[PDB]
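Chemist: sequence? don't have it. structure:
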Ligand SMILES: [Zn+2]
Ligand SMILES: [Zn+2]
Ligand SMILES: [Zn+2]
């Protein structure tokens, strides 16, 4: 197994996947690494299993259809993985914890959002459809763009949103387009 966490790329107290060489800190994995379970399979392995059991699940889909899906176990897992893929980028640090807004010439967003809040929301099964999760994720970056205006810091939002959007298209097998 790897000797660094797959998400944050640091050593420490790591849990090792039994079906692939990845390792995780307890609260870096999403959901948090389970108490017992020997063997244990990580979320990357669990996602690959879904695909393997239903090869047709990788044919293209319309975003509009994906968003209206109910958060049954498999969609819950896909949203967990997509959230994890965002945390995998080191630039997610800017969006993890609760922000605050005091900048000359800007007003804070009406509805603040951050990755740890989305994490909690998923953990507490507060989303009923994929749309719920995707709207909150997109809101994070949209709030950032709006608040930072012409400061070049706005680009961190563009960057992290691109990681989100690419992973969304991949994980939910959105139909490729020009
Ligand atoms: Zn970690
Ligand atoms: Zn694994
Ligand atoms: Zn089948």
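Modeler: Arrived safely. Numbers count the residues shown, from 1 in each chain. Ligands and ions are numbered 1, 2, ... in the order given.
Chemist: looking at it, residue 154 is touching residue 141, isn't it?
Modeler: No: taking contacts as Cβ atoms under 8 Å, residue 154 lies outside contact range of residue 141: 9.7 Å. From N, CA and C alone the C-beta is placed, and that goes for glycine too.
Chemist: The two: which is more packed in?
Modeler: Neighbour tally, residue 154 and residue 141, criterion other Cβ atoms under 10 Å: the higher count belongs to residue 141, 22 against 16.
Chemist: residue contacts, the more buried one?
Modeler: 95, 157-158, 160-161, 164 (Cβ atoms under 8 Å, 6 or more residues apart in numbering).
Chemist: again with residue 20
Modeler: 42, 44-45.
Chemist: Now name the helix or strand holding it.
Modeler: In this assignment (DSSP states H and E), residue 20 forms part of neither any helix nor any strand.
Chemist: Report the residue ranges of every domain in the protein.
Modeler: 1-59, 60-178 (curated CATH domains).
Chemist: would you turn those domains into CSV with distance to ligand 1?
Modeler: What follows is these, written out as CSV (distance: least, Cβ to the ion, whole Å):
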stretch, distance to ligand 1
domain 1-59, 3
domain 60-178, 9
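Chemist: Return a ChimeraX selection command for the buried portion of the contacts of residue 20.
Modeler: In ChimeraX syntax, the buried subset of the contacts of residue 20 is picked out as below (16 or more other Cβ atoms under 10 Å):
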select :42,44
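Chemist: Looking at the contacts of residue 20, which are in helices?
Modeler: 44-45 (DSSP state H).
Chemist: coming back round to it: which of the contacts of residue 141 has the most neighbours?
Modeler: residue 95 (25 neighbours).
Chemist: Quick check: that residue is in a helix.
Modeler: Yes: Residue 95: assigned to a helix according to DSSP: H, G, I helix; E, B strand; the rest coil.
Chemist: Next up, the contacts around the most centrally placed residue in the chain.
Modeler: Centroid check for the chain by Cα atoms, centre = their mean gives residue 83 as the closest residue, at 1.0 Å. Counting by Cβ under 8 Å, 6+ apart, residue 83 makes contact with 30, 115, 118-119, 122, 133, 137.
Chemist: Of the residues you listed, which is the most crowded?
Modeler: Top of these by neighbour count (other Cβ under 10 Å): residue 133, with 25 neighbours.
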